[PDB]
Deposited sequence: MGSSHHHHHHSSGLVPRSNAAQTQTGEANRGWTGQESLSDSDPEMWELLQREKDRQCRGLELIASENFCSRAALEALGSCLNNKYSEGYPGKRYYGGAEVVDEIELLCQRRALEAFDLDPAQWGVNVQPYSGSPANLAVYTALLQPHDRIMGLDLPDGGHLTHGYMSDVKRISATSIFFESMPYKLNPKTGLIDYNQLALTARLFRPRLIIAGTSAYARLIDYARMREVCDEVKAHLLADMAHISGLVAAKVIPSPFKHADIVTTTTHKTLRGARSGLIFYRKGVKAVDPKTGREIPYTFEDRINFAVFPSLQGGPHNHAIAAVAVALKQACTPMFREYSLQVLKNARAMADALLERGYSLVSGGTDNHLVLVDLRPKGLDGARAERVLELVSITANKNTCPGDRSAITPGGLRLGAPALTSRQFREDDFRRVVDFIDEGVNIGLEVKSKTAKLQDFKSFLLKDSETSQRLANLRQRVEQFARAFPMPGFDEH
């Protein structure tokens, strides 16, 4: 044994599973708004010798030695993080060590708040994320709701937009220390101007969770929340098309004596990440992020992202011109909130049938009473150089599924079994999927060819 043997030679059971997933990604249509396809250049760094480096601390202030190279890699990933969103190194700093999106959020709460301090984030069935402080009416779900006290602000069931007035009303009754301006299922764009005015009034921190829209924000297509938020957190995948990791952007520098009142985010944010919450950084993921961050500064990524919104807008209209209602009436980002029960069926039903024909989406609760819609995502297939005509065949493929969906019971377990057990329906199953797989494989696929 040397440690240099190939994966296909040493672990053939795992190699087959790698290819089964590589084939599944190639053969299907990916419409989960949070997923993408990482470049091969980043994956080469993700699976590199940087995994063998314990570098606890930060460049300059590391717990031990040997960090000659990973310091430059962390600093380069920091330099590339501020470039990808155009930020002055005197007004903004970045922490590239968070393991993922959820760790990056909990690191901000630990840094700026005390245990049981008050948190305000958009509710989960209304389009917010778990880490925004989601607890149900029976349990505290996210640990962000355990170690901190969270009250959600809901969607206006009329416009489908954020009830920016009910928020300001409750924000003075709740008196939170931080409010999260970010979403996981929301087609419109966040009015960061209202969020900052609400925050600056009740004297709360404005945190922008731009994980879903980080790529779009980098390409300067949608308004950047860096003009209003003191703290900006994001994943490095979703639309940024990078390895799974996280980032924390924070204000830096100087925010009646005549003495400058300085920003106090850097030292606290860095200390909460290490040594408070995390141990050794994942330097392989850090370098892979720097690779994908450099790709975001390129004109190609802007042309890519501009194609995502066109693919999302053309998908939205292609849904519309068939008789589909869109929550908020349309899309201005990368994903469409399809309101499905005006057509006669819900989300949990549509998402299963689409999955069986190699079309991946997620049910999402729409303003209503079993969820009533889907969250269809452009950025995944857009990275396969999809175009407006291609997504129109995707929506026509999705929609042959929903038309089966309206024809496929009573319960959801019957709906489930009737999909695969009904022999006559089971043969239309292989029919629709075979042409979806035949249509999807023809497009290119980023990353390695084999795995």
- [ ] Walk along the deposited sequence from position 1 and note every stretch that has no C-alpha coordinates.
- [x] 1 to 31, 287 to 290, 405 to 408, 448 to 450
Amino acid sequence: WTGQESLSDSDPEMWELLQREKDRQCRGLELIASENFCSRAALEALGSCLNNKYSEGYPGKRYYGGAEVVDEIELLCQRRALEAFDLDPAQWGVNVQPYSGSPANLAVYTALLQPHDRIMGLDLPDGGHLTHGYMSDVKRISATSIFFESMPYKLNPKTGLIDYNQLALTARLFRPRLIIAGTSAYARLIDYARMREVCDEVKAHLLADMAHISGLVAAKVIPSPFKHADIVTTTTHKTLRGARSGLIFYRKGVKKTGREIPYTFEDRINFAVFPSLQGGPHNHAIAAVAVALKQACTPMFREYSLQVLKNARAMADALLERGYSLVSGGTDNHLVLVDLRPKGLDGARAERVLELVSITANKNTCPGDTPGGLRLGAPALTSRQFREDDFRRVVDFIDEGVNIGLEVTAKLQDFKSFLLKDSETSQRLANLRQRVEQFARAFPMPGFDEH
From here on, numbers count along this sequence of modelled residues.
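For clarity, a rigid core is taken as the largest C-alpha set superposing within 1.5 Å between two forms.
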Open item on the list: Comparing against the shown form in 6 other deposited structures of this protein, which stretch has the larger RMS C-alpha deviation after a rigid core superposition, 93 to 101 or 319 to 327?
Closed with: 319 to 327
Open item on the list: Comparing against the shown form in 6 other deposited structures of this protein, which stretch has the larger RMS C-alpha deviation after a rigid core superposition, 118 to 126 or 337 to 345?
Closed with: 337 to 345
Task: Test item: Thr257 lacks coordinates in at least a third of other entries - done: yes
Task: Which of 269 to 277 and 151 to 159 has higher mean CA B factor, as the PDB entry lists it - done: 151 to 159
- [ ] Please work out which of 418 to 426 and 47 to 55 has the higher mean CA B-factor as recorded in the PDB entry.
- [x] 418 to 426
Task: Highest recorded Cα temperature factor - choice among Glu72, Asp117, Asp209, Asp346 - done: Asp346
Open item on the list: So if I compare the CA B-factors in the entry for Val96, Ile141, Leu76, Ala350, which one is the largest?
Closed with: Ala350
Open item on the list: Can you tell me whether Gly28 has a C-alpha B-factor in the lowest, middle or highest third compared with the other modelled residues of the same chain?
Closed with: middle
Task: Within-chain third of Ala193 by Cα B-factor, per the entry - done: highest
Task: Third of chain Cα B-factors occupied by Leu335 - done: middle
- [ ] Consider only the C-alpha atoms of the modelled residues in this chain, order them by B-factor as the entry records it, and name the third containing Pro299: lowest, middle or highest.
- [x] middle
- [ ] State the tercile, meaning the lowest, middle or highest third, of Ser328 with respect to the CA B-factors recorded for its chain.
- [x] highest
